[PDB]
Number of protein chains: 4
Amino acid sequence: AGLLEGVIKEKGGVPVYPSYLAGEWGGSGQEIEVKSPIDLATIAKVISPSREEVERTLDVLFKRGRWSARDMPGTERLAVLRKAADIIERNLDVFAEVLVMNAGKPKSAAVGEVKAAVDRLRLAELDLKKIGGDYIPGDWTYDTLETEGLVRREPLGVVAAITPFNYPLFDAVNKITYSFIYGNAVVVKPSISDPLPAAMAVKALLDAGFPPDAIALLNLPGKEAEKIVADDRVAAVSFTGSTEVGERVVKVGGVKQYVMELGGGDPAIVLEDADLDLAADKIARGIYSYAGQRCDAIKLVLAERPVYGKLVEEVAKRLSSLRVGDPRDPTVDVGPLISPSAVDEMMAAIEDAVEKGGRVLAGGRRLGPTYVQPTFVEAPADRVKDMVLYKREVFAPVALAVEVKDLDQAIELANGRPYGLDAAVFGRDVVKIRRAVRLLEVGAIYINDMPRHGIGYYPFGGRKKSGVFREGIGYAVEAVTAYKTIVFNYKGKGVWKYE
Amino acid sequence: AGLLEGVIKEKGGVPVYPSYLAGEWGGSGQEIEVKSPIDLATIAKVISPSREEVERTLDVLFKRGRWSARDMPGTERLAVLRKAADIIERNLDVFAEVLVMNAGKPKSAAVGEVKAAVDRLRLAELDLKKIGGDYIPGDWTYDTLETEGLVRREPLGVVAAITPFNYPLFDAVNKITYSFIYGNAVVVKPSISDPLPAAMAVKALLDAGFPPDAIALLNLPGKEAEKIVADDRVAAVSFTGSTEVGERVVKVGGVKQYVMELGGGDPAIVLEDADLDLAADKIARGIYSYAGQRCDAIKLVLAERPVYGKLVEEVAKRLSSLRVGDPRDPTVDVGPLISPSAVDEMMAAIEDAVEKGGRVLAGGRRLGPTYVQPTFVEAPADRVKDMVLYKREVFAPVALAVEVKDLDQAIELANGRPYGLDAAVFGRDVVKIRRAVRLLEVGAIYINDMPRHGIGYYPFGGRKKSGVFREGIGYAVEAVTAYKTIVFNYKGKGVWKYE
Amino acid sequence: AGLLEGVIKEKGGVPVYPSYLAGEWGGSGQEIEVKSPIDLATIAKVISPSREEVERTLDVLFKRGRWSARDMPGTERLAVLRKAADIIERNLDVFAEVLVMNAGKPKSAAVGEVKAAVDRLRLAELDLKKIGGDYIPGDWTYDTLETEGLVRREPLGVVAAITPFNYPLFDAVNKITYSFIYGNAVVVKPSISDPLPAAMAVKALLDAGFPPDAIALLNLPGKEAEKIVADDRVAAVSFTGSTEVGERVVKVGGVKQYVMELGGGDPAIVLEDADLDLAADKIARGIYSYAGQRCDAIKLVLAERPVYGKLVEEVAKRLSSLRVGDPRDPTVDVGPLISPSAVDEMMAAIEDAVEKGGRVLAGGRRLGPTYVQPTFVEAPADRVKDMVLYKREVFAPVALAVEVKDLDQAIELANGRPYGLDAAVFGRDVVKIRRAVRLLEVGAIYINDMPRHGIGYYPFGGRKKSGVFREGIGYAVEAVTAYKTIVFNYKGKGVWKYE
Amino acid sequence: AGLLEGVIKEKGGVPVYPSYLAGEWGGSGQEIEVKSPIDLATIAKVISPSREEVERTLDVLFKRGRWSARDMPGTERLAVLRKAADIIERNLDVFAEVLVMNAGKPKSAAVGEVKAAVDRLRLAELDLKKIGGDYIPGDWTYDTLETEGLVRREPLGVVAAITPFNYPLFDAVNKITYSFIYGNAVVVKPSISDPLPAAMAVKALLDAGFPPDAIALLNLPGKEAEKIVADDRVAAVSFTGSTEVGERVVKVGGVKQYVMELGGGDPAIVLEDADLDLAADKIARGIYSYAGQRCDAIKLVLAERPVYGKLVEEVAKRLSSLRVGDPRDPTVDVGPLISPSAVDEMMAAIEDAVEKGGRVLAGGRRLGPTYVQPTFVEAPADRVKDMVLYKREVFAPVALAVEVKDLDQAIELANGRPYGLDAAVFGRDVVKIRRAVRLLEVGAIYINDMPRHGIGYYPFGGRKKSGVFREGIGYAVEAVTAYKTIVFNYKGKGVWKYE
Ligand SMILES: NC(=O)c1ccc[n+]([C@@H]2O[C@H](COP(=O)([O-])OP(=O)(O)OC[C@H]3O[C@@H](n4cnc5c(N)ncnc54)[C@H](OP(=O)(O)O)[C@@H]3O)[C@@H](O)[C@H]2O)c1
Ligand code: NA
Ligand code: NA
Ligand code: NA
Ligand code: NA
């Protein structure tokens, strides 16, 4: 709309969003309905590309896109990204509305995501802190005497950005930004569930000057994307999604550069010396934000005996005083879950917990096909480990609360889930904190705050089932870039005199 | 022998080498014969572990090895590696003999490899140049104000080191070194073809004090190793081998940290201003060393019109004046190829070349089941691209020679193979060299020298089919280590006053 | 004017520019006339501060400025600098006019300097590439086991920026930028010769939001500034000027953090394989730009026998075809020298050269008190070393030309001057270039281009008499920042288990 | 002795140690007596060099030493340093004895210093972590498009190492190590008070293979050394000593690279949540070690109301139960102070404290010309600031104890001394610690441990009157090295296609 005026086709009353085929918007594959979790109604349709168009798109990205991206100097790439930030920023309300509608994201969250996307774009300048190369003098070994080395980063070529439904706008902009800033072409494949924000972002980027043949947006459902991942013209795959799909992706892709942000939930530990007001507030928010549909959502709360009571009490109060419903109301604190299935699973997971000795301390009530109350289930340490809510990631606003004797048990229980994305620790004692930081097997630990990846100012990523590699300003360079070593031989050439 | 006095079992006149099961040498799986390429005779047997022992070994590595390695401070780890270097160095002749016998490596090459292994071990101190972490101040964004970050490296746990036959000693020592120096446990799986050097190295390491439950040596043939790669207790897989196996490995392994050094050959470019004496000498050596059974061997020579003649002439002379035969003779320049099959393929590849317009300029004569002459086949640019020797990696002492008009054609032809490991460029003009460095799609470019990874003083690794990620002193940290981000929240705590 | 509407006082027909006293513009010290080199006419007056005001200003900078600068978060500091860039950019013509008038800078050079200042301000974001700190794990030594270190950069406090006359605008903006971006307060002391551009820049910065008590502009003549340098509240002194004053500054300042950019000229070497069109063009420009009043101006040209003739011929032609005169004419290539004295010295230096066997190849004619022709004096290698033009820096558009047998003699002669700022080398052979790069004792070597510090995209600074330390985007952090090491002791605390 | 068998001359019953003149041991200047603080008796004599020999030595260091050091490859330099470590280690008892005798250092401290020197030498390998250079791509600005930069470190040439009396062995070995590892020649000028350990170290280095013309040991008293510092052949001055001499050194030296470690004492802060056993123990030791003749000695103890009593009580007990006397007795905890003057000043400083309201809590008794008891003087916050013990550095085992209300007052009082070397903070709360770390104006803060520079595993150095720049493994490179920037111009050369 406006930004997409010439792109969208209103066929039979429903806006039809086409795929961007590295040059022209189009697509002659099956059309797919995009629905809102707010009312299960179809709000648009996306045109998937045919196998022939996928193939043609990859060919363009590979034969020309790599070069258009690479041959645009960084100073210009930065201008493109800054311009795109401006376009998105002036179309903020439009971007947010689509997030609220297409993702069921509360207005404030949708606005925050648009702003995150804008900031990410504007701070592409900070990604340069990890851009320089290394100069290795060769006289520190006899075999390399009169020799010298230069190690540089080079873009890999075509990066496939596969994105999840819970951050349809930001994830796509983030991956495109760090992939492009370093000189790569990019194939974005958004969740077929809410692909509208990506289409809007890609349009803003194209309007900003992004090399037209260096980007592609393909509306392909699940396994249709395998064809992209398995293709040799795709040198890297930046994937943010579930562990299970991530696994399938690597198995389909084979040898290639990967960044796998596979989520799972996050445990939060509260030491006896923690500021419980701060802790309860951050933990409650960590549990419910975007209806827990955040990879960094809190799924397990571990608190030492002496503060467990108050802490769990406060979090319960906070979760209970939340307003659920339609996200269009800036009154609502919690909108719907992406699908009735996600709610089904959450309900089943809560029953499992209750059956295994668990007790609901807040929530528990399903309010409709896609609506539920943020639930907080207490569980005894000796039984929690077998609970579905512990063993798995229930993508919903639901967390377990478990009282623990001391730090070692908290740590042990925190490390007992199969995931290792982030962990939170509230407390003040440097020694206990240092111990926790050392022993928690996670990509990131947040001291005195809820886990929040934000725009990646600080790098993040998983351990164990949560994946491999990191995303972040500067650090993402490792996933979309390859080193290039140049060794110079001056043996006997008179540069050095035996040294 | 001596180092392995209590380990090896002389059963029926043939030394029987057992697997090391992270604690004790043993194995109750099938026994497998190890033969010498020098005479196709069985020189020993290795005991493969049973499925039960593989499983038990992994369990030990995971439950205890990770901790024994990690909980040994770096200063002690360095002492272990230095001690191991001493043990290997005093047993040099024994190490070299086994290389000559088991791998068919010429005496000087076998001695050089033992020395490379010793140096690698002693320079583990240089790997620390990439060990420190990053401190990220948070006041460069509003959302992160009064926040701070620490980014650190942490060992992944259990690294599976899969090694090729062409550098049985060094590769195993290299992977063990960089995996261990950072605190990881390691499962070494050597080529079942020549696993004796690894067994000797692992023994020297164990004698040096390497945590007995933090290392394992498993004599498993090909697909028997899949069980290790596919296991979740294996957090990283450092693989050096062929593209095809590398592909299978990732597909079996799924999401995990990988370093894939997949070889392929290397092209060498000679500019009109090159010192042709240096070039011919380095190129000849690059073609024949260890009977071309080097991932960094020269497989294609591209020379500009004006020097093509002399260059190809000189390389031909040099290859022709080489002494082939048994590697025990310090007289021999070239020993045998690892198997009669490898020679078969080389012969077939030479015929293919000849049929497509190629002309042998040196060699071409097979001298026995496992012996051949270093061959240099000239080919016209317009036909070389379809030749098996160009399209594939023929692991043998054989290279193609192709005359080219200019740098652009040399570069184009060099980039036309499916591999991108290293490339060599002989010439003096900075501009032409810089252009070549920019356009050659390889992990490493050697200016005025033949490609030689050495001990990894300079990082190396592939592009395209040659794999992903790099190995090298300092740089290998990226493959066996994961980042850990710790974010500290001091918002409103009075550390800063709005800043 | 406009930007300075409320600041400047028109007393007796001459605009009177007051000093900025870290809070308010003013000054009750002697008034000093500012003249134009274009016509020796007084174009303005500057009010110097009294001893009491200097003292009061320092007190404010120290007691409040350090904190205003430091307590403004970086994100805001960046906004200030970007805003200042905008203000200067919209007032470009006004900034340039003052440069042309006050410095005698040709219009295109004055415009280029304003743009350099604007870019420097906008790229302050790139200075962050060197901002993070280091995390040092402690288990690599026994004495530091269970210990850990964090190394961070911290602003020093009050940086005294002393600037030269030849880049009155840029130098002041550069020093203020890198000093401020890291959290320092700044006392700018411009050349009393052309202090108007600094006053304008400081006003733009104040209008942009620069903490009013964190900056000071003091119009003090020469030794009046010693009082600032010698003060203990001044933690660092960023000085760009002559060797002799630089020496006096350190001797007055004593222990303190220093960056001393002390110029001197630069030698240029032309190898036999150099593109002589490029060389002659760049060298000619390097000799005459801003009437040679550039620290990086070419003062000596060394060319190998085979190209000496053509090279010197071409440079002579180019210097001869230059238009001298008043800088207001966009027709003029060369304006006047800052003072009649500077011309006197140049004439004397040319006579000295001629007397010692030197021969003028272009120029030599003085055209007025402050006007002269760009002069190129040929000199025999065996006599040049004793020539004033070689031994000293004659700040004027004058260079010596000396034929040399080979690289070694060029290098020897290039290193024979007492300075070591930059050096230029035109040629293509990597070996000769590498040798030159190794042996030239200078802070920076420019391959195939004239020396040009630009905005410091690449760090620069001197060796020998040219000073110490470097300025540059990112690198200047070392001069206005101090490290802060935090060592954490966890011995026996149970974080690690013997490691 | 033994190591110095052919060097030392027994003239008139007293061993006569000559200076090392970059080639030969000798000296024809005045002879100077070296006395022991243990009994004021002359234990040896040192021959100072004549003005002619100083001049000749500098000439050798400059004309040949720079090259011998630089032209010895790093791999060999490392071998020299490792060999020297071996020589010193096998002569440990001899090295320690001279420390005990010449410096009055307790046996355990003397042994610890020899070991520190040995370790420093062996870990020279860790200094390489800061040796590589930077590669700066040029397409991030329009003016630098098609341009590229390489930034490298280069040795400065001749480094003058001026050392203090309190660590005669280590300081000399440290400065020589970091100066030499990077390729510099070195003039060591030890305290004329105890120059014997330096002579022994220099001999071990020469025996180890240290280029004979790249090192010099000059026995010059105080201002005789100015001649070295003021010389232009001296590119850097690494000085560890008092603020006042440091000031004189820079004023004599002028523009040059400096590292000024100017000591002063260190304050220690004890928060209410500190482990007081650890604190009292570390603080007591920090106060008395080597009779407080440590730049990092604790001179001021600040403790919050609630723990002040116990803390000061415990430290008093510990200081009181110390055994003073002759250092030869391994029984003694505290030997003598370097001179009767140092004791005089300490006594006067204690009286001043008492007169201003201070009360001795331990010690106070002078036991002889050079012996005293470790003294702990309590002082009220409102009067301490004017006490000599606070305002100055009394180089003796004496510290002030001051009770404080909270962290802010502790910090304020800690920052009130004119020095800023290190500071110690005992406590557990992360927020209070972070605040302290931010506000303490010192080069280094030690959390939960006494300040101990050790061998510089962690970098250290001063703020304010404590000097400028840092020493440390890796970090010292900045003081004895200069950057060298090489900019390559490929504009229009076809390397890049507009990028
Ligand atoms: N890129 C580099 O830096 C580099 C360096 C050296 C060599 N190379 C390349 O690697 C090859 C070396 O020779 P190679 O013949 O030994 O090649 P390879 O067969 O690919 O070596 C494979 C290694 O993987 C094991 N393996 C085989 N199938 C496996 C499977 N299905 N699952 C798990 N592991 C399996 C092999 O054991 P078995 O021996 O039991 O089959 C062997 O240890 C050449 O192509 C060379 O160019 C590359
Ligand atoms: Na694949
Ligand atoms: Na897997
Ligand atoms: Na001073
Ligand atoms: Na001087």
Side-chain angles (χ1 to χ4, degrees), chain A residues 67-79 124-125 127-128 131-155 181-183 211 271 273-275 278 425-434 437 447-448 484 486 496, chain D residues 67-79 124-125 127-128 131-155 181-183 211 271 273-275 278 425-434 437 447-448 484 486 496:
Chain A
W67 296 107
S68 298
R70 192 178 177 181
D71 291 328
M72 175 176 278
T75 187
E76 214 175 300
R77 290 194 208 119
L78 226 42
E125 49 181 53
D127 286 292
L128 306 176
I131 213 174
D134 304 303
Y135 160 86
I136 307 167
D139 59 296
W140 292 94
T141 249
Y142 266 104
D143 289 351
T144 62
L145 236 52
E146 289 189 305
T147 254
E148 232 172 28
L150 258 59
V151 184
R152 265 194 41 138
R153 324 211 69 134
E154 178 157 305
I181 195 59
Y182 300 120
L271 305 177
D273 64 355
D275 171 320
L278 167 62
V425 175
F426 300 80
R428 275 171 144 64
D429 189 283
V430 287
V431 177
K432 305 223 282 174
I433 285 165
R434 187 69 183 76
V437 163
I447 308 311
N448 290 327
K484 155 118 62 171
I486 304 96
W496 291 283
Chain D
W67 296 107
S68 298
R70 192 178 177 181
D71 291 328
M72 175 176 278
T75 187
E76 214 175 300
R77 290 194 208 119
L78 226 42
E125 49 181 53
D127 286 292
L128 306 176
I131 213 174
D134 304 303
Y135 160 86
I136 307 167
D139 59 296
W140 292 94
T141 249
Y142 266 104
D143 289 351
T144 62
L145 236 52
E146 289 189 305
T147 254
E148 232 172 28
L150 258 59
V151 184
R152 265 194 41 138
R153 324 211 69 134
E154 178 157 305
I181 195 59
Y182 300 120
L271 305 177
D273 64 355
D275 171 320
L278 167 62
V425 175
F426 300 80
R428 275 171 144 64
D429 189 283
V430 287
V431 177
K432 305 223 282 174
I433 285 165
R434 187 69 183 76
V437 163
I447 308 311
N448 290 327
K484 155 118 62 171
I486 304 96
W496 291 283

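When reading the values below, keep in mind they use all heavy atoms of this one structure, side chains included, and skip hydrogens, waters and symmetry mates. Chain letters run A, B, ... following the sequence lines, proteins first and then strands; every chain starts at 1.
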Chain D contact via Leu128(A) - side chain, backbone, both or neither, heavy atoms under 4.5 Å: side chain

For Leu271(D) and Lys432(D), the nearest pair of non-hydrogen atoms, with its separation, is CD1-CB, 4.0 Å

Nearest atoms (heavy-atom pairs only) where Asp429(D) meets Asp273(D): N-OD2, 2.9 Å

Residue part contacting chain D, namely of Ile433(A), when any heavy atom lies under 4.5 Å: side chain

For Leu78(D), is it the side chain, the backbone, both or neither that has a heavy atom under 4.5 Å from a heavy atom of chain A? side chain

For the residue pair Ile131(D) and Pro137(A), what are the closest heavy atoms and their distance? CG2-CG, 4.1 Å

Taking all heavy atoms of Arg70(D) and all of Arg77(D), pick out the closest pair and write down the distance. O-NH2, 3.1 Å

Could you check which of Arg152(A), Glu125(A), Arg153(A) has the highest count of heavy-atom pairs closer than 4.5 Å to chain D? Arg152(A)

Based on non-hydrogen pairs under 4.5 Å, which of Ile136(D), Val431(D), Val151(D) is most in contact with chain A? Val431(D)

Starting from the C-alpha separation in whole Å, work towards a yes-or-no answer on side chain to side chain contact (heavy atoms under 4.5 Å, CB included) for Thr141(D) and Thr75(A). CA-CA 5 Å; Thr141(D) 249; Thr75(A) 187; 5.5 Å; no

